[PDB]
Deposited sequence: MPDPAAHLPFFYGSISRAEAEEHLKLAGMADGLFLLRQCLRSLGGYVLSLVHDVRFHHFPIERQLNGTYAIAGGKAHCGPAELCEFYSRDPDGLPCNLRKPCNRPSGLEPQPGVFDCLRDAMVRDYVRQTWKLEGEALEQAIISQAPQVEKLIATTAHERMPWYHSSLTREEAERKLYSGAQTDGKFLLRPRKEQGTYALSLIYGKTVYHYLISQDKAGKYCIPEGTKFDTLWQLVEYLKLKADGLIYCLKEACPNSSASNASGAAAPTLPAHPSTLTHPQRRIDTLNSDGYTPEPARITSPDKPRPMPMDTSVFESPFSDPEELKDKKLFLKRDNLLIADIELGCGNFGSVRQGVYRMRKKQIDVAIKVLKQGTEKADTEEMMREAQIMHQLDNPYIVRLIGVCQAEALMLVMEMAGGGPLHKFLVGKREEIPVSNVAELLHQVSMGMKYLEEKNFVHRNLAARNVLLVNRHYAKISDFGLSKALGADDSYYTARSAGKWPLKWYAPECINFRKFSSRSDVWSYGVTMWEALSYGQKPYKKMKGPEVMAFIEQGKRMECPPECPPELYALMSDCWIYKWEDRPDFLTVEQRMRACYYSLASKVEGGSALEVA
């Protein structure tokens, strides 16, 4: 949601009185402070502190460049950085921010109109921009909301269908009277004054005009007072709440960073009749490897379908069976054939010809650990957090599908691109028979469960957060087993935020029953991730180009 949602002292959209109340009840001490959302400005806040037993409310606007600042004060990249700053320097206020009035018990910020407005746009943005639906849309959103908002805040209004770049009041008027004179028909036209446009809309068969003024901060204003960062937000806002408007806005009067939804993010089946076994004649295989591992080798190739030719990855040699146990293998495959989720390497089908081949979705970016080695200066942490979050989305999926992985590890997290990771080889592990990814009970009692995987995710997090470093480097066999029992876990990676190491730690509880399940893991990894996805950027083609 809000880039202040993680802040333990942020209360969301509470009133000025509610605010004072929480402070009153906290000790009215000098330095007591809380943060909240400005009911009148989109993306803005209000710093509320106590000094000499009296309340002080400072509004915090969001400049057109993304920083936050109290009028006359310094600019800050975010609520977090702002509060961290004034805590060590009054720089204008009655006194430094000292004891924070953290939210009581288990209360969360009070979601308001801007939070609701924000989701709606993102939602209708992906649905719109990539015609996605169902969980697929839900999966796109949950993971890319951070990136989608940025897009929404940079999309030019000149783009929107309701904007008319060269219209006069008289014309717009006759353009609105020219057709379906329905309540809510509207358009926007820029007025002469720099940063001024007019909202022209129909109500009761009559056209109404509303000046839209732009202030010094650039924020767009409605006669009523509410401010927005762009017209589009203002428009969607008036679409729900119609303050100052004679009627809610309705129908319109018409006239770099690779995201995850390009290429097969969605299942290959978008009109089916898919069988488990494929025809070797529909499969084109190369004799050139993409690497190999414990099981067979991986070769690239293409697969032709009734209407499409897709690119695949063939893991030649699954292993092959010697007895009527080729049925058991086929049992698993049957199940895997069902698993469908963007963050997982889907199984297209199996084919038995010169060998027992496993055909999967193409994920050519390579393993997560190879992609991160030596790139600590290239790939920002927020970017790694994003991948670890995608990794838990597939894991939470696989867990609710009662399908244990058994081999979660970096080597098994495959990248489609910089911001798209897929989990692979989920199942082939249990086909036959450096492996410090297993939980203690996997080695101690042959026990495998989603809880067992949550441990491997813990290890994977480490592998990634420490940019491709081998787990428990100075060890191998039992040395680890021992190391574990003695209550020792791996150290917190350099430049790895506390919340992650905290999550990672909970992932390494010896009693699997105490370890979080992926549902909880995924919630936590998201909150962490979202908050990290604010601090601008670092390295490569990020001129926001």
item	value
Deposited residues absent from the coordinates (by C-alpha)	1, 257-309, 488-501
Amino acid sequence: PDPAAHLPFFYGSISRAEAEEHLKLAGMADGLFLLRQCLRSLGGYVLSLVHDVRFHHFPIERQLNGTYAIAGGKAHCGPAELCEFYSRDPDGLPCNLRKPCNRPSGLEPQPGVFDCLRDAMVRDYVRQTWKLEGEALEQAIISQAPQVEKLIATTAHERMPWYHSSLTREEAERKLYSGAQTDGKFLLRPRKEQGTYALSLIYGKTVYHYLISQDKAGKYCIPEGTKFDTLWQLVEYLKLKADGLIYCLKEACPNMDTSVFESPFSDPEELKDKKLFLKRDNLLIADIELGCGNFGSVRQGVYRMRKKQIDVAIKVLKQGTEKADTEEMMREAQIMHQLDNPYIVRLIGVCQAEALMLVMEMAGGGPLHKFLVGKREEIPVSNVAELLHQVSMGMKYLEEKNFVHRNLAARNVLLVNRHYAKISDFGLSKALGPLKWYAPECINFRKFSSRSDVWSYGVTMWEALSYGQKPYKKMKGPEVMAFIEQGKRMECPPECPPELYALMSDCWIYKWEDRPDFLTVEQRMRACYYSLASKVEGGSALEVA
From here on, numbers count along this sequence of modelled residues.
| item | value |
| --- | --- |
| Segment of higher mean CA temperature factor, 276-284 or 166-174 | 166-174 |
| Given 408-416 and 308-316, the range whose Cα B-factors average higher in the PDB entry | 308-316 |
| Most elevated Cα B-factor in the entry, residues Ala69, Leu519, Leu35, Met28 | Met28 |
| Out of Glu108, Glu463, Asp183, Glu149, residue topping the C-alpha B-factor column of the entry | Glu108 |
| B-factor third for the C-alpha atom of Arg159 within its chain | highest |
| Entry-reported Cα temperature factor of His389, expressed as the chain third it lands in | lowest |
| Ranked C-alpha temperature factor of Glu289 among modelled chain residues, by third | highest |
| B-factor third for the C-alpha atom of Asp514 within its chain | highest |
| Cα B factor band for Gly365 (lowest, middle or highest third within the chain) | lowest |
